[PDB]
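Single chain ahead, by itself, as structure tokens, in the form deposited in one PDB entry.
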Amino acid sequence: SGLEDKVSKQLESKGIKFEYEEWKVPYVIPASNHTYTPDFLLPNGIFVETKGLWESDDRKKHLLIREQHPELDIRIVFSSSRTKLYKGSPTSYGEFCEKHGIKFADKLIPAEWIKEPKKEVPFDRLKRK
């Protein structure tokens, strides 16, 4: 940077010996608690989230929720699952979902999902509104 150079030029001019970016300090960012509210809950126990732009954080949230709540069946309906993860990415929302076993579809809830046999939803583990 320009700032680092000024400071650097300062110390040297005054003959101050110093160390630069020589040392690393470890630290941990504490685990945090959050909640996610799926857009729709179908009678057969299927949760459905609708999504246009699907940002990095949101993808991680889904991967985390699947790891933490494997008995939850949460699927996604995209305006377009072809959209690429980011600017010049080669990977698309749909591809990502396929890689992680996230069931998805475009524009509307597929007819077959609505018809899957109802399953138990662990509501005790959830918090209402």
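Numbers follow the displayed sequence, beginning with 1. If you superpose the two forms and keep the largest set of C-alpha atoms that fall within 1.5 Å, you have the rigid core. Residues that one form lacks are left out of the comparison.
Student: For the C-alpha atoms alone, is the average B factor greater in 104-112 or in 9-17, going by the entry?
Tutor: 9-17 has the higher mean C-alpha B-factor.
Student: Between 90-98 and 57-65, point out the one with the higher average CA B-factor as the PDB entry records it.
Tutor: That would be 90-98.
Student: Taking the values exactly as deposited, rank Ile46 by C-alpha B-factor within its chain and report the matching third: lowest, middle or highest.
Tutor: Answer is middle: the recorded C-alpha B-factor places it there.
Student: Mind checking which third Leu85 falls in for C-alpha B-factor across the chain?
Tutor: It falls in the top third of the chain.
What comes next is about the form deposited in another entry, which is not displayed.
Student: Rigid core fitted, is the C-alpha displacement of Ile109 between this form and the one not shown 2 Å or more?
Tutor: No; that C-alpha moves by less than 2 Å between this form and the one not shown.
Student: After a rigid core superposition, would you say the CA of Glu19 moves by 2 angstroms or more between this form and the one not shown, or not?
Tutor: Yes, the C-alpha moves 2 Å or more.
Student: Checking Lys118 here: with the core superposed, does its CA move 2 Å or more between this form and the one not shown?
Tutor: Result for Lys118: no, shift under 2 Å.
Student: Segments of at least 3 residues with every CA displaced 2 Å or more between this form and the one not shown, core-aligned, in sequence order?
Tutor: Once the cores are aligned, run 2-27 is the only one whose C-alphas move by at least 2 Å.
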